Amino acid sequence: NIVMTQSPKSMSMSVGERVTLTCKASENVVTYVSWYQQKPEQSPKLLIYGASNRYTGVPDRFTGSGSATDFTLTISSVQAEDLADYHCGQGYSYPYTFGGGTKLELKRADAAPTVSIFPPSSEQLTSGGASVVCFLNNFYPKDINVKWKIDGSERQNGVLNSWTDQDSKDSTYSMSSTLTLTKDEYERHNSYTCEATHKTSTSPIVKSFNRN
Amino acid sequence: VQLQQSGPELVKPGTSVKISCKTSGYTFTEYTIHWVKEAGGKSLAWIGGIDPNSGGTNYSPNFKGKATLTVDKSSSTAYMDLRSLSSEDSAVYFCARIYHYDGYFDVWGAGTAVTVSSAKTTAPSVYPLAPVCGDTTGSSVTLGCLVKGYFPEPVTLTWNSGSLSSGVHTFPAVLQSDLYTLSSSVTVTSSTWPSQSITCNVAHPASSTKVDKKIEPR
């Protein structure tokens, strides 16, 4: 078992900056090291093979170098679309192995979330349920917290959050928060509020509606 | 060159699943075909390879006796059987071609998502999310679609049948008590909606669900 140790685990780099990834083989693998780029929801795609050969269609900014046990991938001027998990592998000898991957994030200027709130659909209410949804869209950095309030009191239970992958064009994140109540609960209370706490503001960024 | 992989599978613990990789655009017997595992939030793990010409296989020691590779030369197709399945085996499985003996994976399949679970297949409810009632005064408007209470993954959401793609955020599904929930937002100019129609289209192939919910003003 040849161990490929890949560094760093993750990194965050601004557009235009030079990016360095390394891969260390536990024994001599000559030049039989390749790098793969894997964008969100996609298969890995070959970038570099034979340590230093760019594959067809791979832009000039990606270069590989190295031999024996030391291997490097460099992006000379990282672009927004380059966000991906990057993987090295050796195909010198069986069993074939891969490094642990590098999650490349794009660093950009802070952006405040834009918040939208949505009452339960009439369809869902007819069925006996009531979900209140809040989208927090296009913010940076990824760190964010949401607080739900019903008639001025915090509500912690029944909340399900989900974050998108970083956007490949504008380098932001978005987040969905869903508060699920029973229909009886929902028809009881009047004011529903989601409050986003993010670095871009010292106060919560809030959105609410009155059911009545 | 295409490696076309079979669709997603829900299988119960202890059973086996056999997934396929149908190749085209080259002579199947001339290249070894390999399989690679990727669990969600992990790195790649090589399972093994098979030479279709000779039938010769090489396996990772971690997948000896878990995976079995075969080919069908007549249909230019490679297969991987995975046995004694557990939730540890829930993952995306890629097939990939190695370029001759140069030890690099040049062509990859789209992957096959295998879910190993005792939980039962359930159709989603699909709910349109129109904005809060009343006058809006912003230049833009945001709509949503909520897809709740389904199993297993995947579902596919678009908006008007994929012709509306910019300004869309589709949030990864989250699992709670054996049921997934997923949502999607779409942001357009206020002069676009409600004057022009906007639909949510959801499919959940596992339950034969195909639903279109037009977003209507409250």
Side-chain angles (χ1 to χ4, degrees), chain A residues 39-42 81 113-127 129 131-138 162-170 172-178 207 209, chain B residues 7-8 110 113 123-150 153-174 180-218:
Chain A
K39 303 190 165 160
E41 299 163 14
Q42 297 188 1
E81 54 256 45
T114 295
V115 187
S116 305
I117 189 160
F118 299 88
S121 67
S122 51
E123 280 107 316
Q124 180 179 23
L125 285 176
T126 295
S127 90
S131 295
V132 188
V133 177
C134 260
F135 297 130
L136 297 69
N137 284 345
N138 304 97
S162 182
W163 276 257
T164 56
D165 296 310
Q166 188 171 210
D167 191 88
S168 68
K169 291 161 187 302
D170 83 355
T172 65
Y173 295 92
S174 291
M175 191 238 240
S176 183
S177 185
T178 301
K207 220 51 159 205
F209 66 90
Chain B
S125 302
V126 180
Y127 303 126
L129 308 183
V132 173
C133 211
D135 306 328
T136 180
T137 57
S139 55
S140 287
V141 77
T142 291
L143 317 179
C145 188
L146 172 65
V147 181
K148 170 156 196 68
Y150 68 94
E153 281 262 75
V155 310
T156 68
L157 195 141
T158 68
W159 297 97
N160 303 146
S161 309
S163 64
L164 189 48
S165 59
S166 71
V168 175
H169 289 114
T170 294
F171 298 92
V174 179
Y180 289 97
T181 294
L182 167 147
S183 56
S184 186
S185 76
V186 63
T187 294
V188 300
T189 57
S190 287
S191 39
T192 306
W193 192 89
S195 68
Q196 298 172 211
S197 169
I198 294 184
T199 304
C200 211
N201 330 99
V202 177
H204 177 66
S207 71
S208 291
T209 296
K210 190 145 209 306
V211 167
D212 301 306
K213 294 283 168 178
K214 184 170 174 181
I215 313 297
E216 301 283 2
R218 298 168 202 269

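Note that these values count all heavy atoms, side chains included, but never hydrogens, waters or copies made by symmetry. Proteins come first, then strands; the chains are lettered A, B, ... in the order of their sequence lines, and each starts at number 1.
- One finds the CG atom of B:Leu182 at 7.5 Å from the OG atom of A:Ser162 (value rounded to the nearest 0.5 Å).
- In this structure the side chain of B:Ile215 reaches within 4.5 angstrom of the side chain of B:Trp193, judged on heavy atoms.
- Residues satisfying the side chain to side chain donor-acceptor pair (under 3.5 Å) test with A:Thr178, not counting sequence neighbours, are none.
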- Message: Before you tell me yes or no, could you show the steps for A:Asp165 and A:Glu41 under side-chain contact (heavy atoms from CB on, under 4.5 Å), namely the whole-Å CA-CA distance, both residues' side-chain angles and the distance that decides it to 0.1 Å?
- Response: CA-CA 9 Å; A:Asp165 296 310; A:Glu41 299 163 14; 4.2 Å; yes

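- When side chains are defined from C-beta on, B:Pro128 counts as touching A:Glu123, because their heavy atoms get closer than 4.5 Å.
- Shown are A:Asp170, A:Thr114, A:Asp167; of these, the side chain to side chain contact (heavy atoms under 4.5 Å, CB included) with A:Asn138 is made only by A:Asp170.
- Put simply, the side chain of A:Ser121 never gets that close to the backbone of B:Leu129: no donor and acceptor are under 3.5 Å apart.
- Residues A:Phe118 and A:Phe135 bring their aromatic ring centres within 6.0 Å.
- Using a distance-only test at 3.5 Å, with no hydrogens or angles considered, a donor-acceptor pair links the side chain of B:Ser195 to the main chain of B:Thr192.
- Tested against B:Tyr127 for a side chain to side chain contact (heavy atoms under 4.5 Å, CB included), the candidates A:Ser127, A:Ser122, A:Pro120 yield a single pass: A:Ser127.
- The distance from atom CG of A:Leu136 to atom CH2 of A:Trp163, rounded to the nearest 0.5 Å, is 9.0 Å.
- Evaluation of the side chain to side chain donor-acceptor pair (under 3.5 Å) rule for B:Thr209 yields B:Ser207 as partners, not counting sequence neighbours.
- Checked by atom type and distance alone, the side chain of A:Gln124 pairs as donor or acceptor with a backbone atom of A:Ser131 at under 3.5 Å.
- Taking all atoms of both residues into account, the shortest heavy-atom contact from B:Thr181 to B:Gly149 is OG1-N, 4.0 Å.
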- Item | Verdict with reasoning, B:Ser184 to B:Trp159, per side-chain hydrogen bond (donor to acceptor under 3.5 Å, both in side chains) | CA-CA 9 Å; B:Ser184 186; B:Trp159 297 97; 3.0 Å; yes

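- The main-chain N or O of B:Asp212 is never found under 3.5 Å from a side-chain atom of B:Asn201 such that the two would form a donor-acceptor pair.
- The shortest side-chain heavy-atom distance between B:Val168 and B:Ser185 does not fall under the 4.5 Å cut-off.
- Two residues are said to be in side-chain contact when any heavy atoms from C-beta on lie closer than 4.5 Å; B:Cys145 and B:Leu157 meet this criterion.
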Result block: side-chain N/O donor-acceptor pairs under 3.5 angstrom for residues 130-142 of chain B, not counting sequence neighbours:
from     : atom 1 : to       : atom 2 : distance (Å)
B:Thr142 : OG1    : B:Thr187 : OG1    : 2.7

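- Residues B:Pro154 and B:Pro8 meet the side-chain proximity criterion, which asks for heavy atoms closer than 4.5 Å.
- At a threshold of 4.5 Å between non-hydrogen side-chain atoms, the residues B:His204 and B:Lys210 do not count as touching.
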- Message: Go through it in stages, so that I can follow the logic: the residues are B:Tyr150 and B:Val155, the test is side-chain contact (heavy atoms from CB on, under 4.5 Å), and I'd like the CA-CA distance, side-chain angles, deciding distance and then a yes or no.
- Response: CA-CA 9 Å; B:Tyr150 68 94; B:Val155 310; 3.4 Å; yes

- Query: Does the pair B:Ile198 and B:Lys214 meet the rule for a side-chain contact (heavy atoms from CB on, under 4.5 Å), with working shown?
  - Reply: CA-CA 6 Å; B:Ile198 294 184; B:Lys214 184 170 174 181; over 6 Å; no

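- Inter-residue side-chain proximity for B:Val188 and B:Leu164 is flagged as met; some heavy-atom pair is nearer than 4.5 Å.
- Checking B:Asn160 against B:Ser197 by side-chain atom types alone, no donor-acceptor pair falls below 3.5 Å.
- Looking at heavy atoms from C-beta onward, A:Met175 lies out of side-chain contact with A:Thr164 at the 4.5 angstrom threshold.
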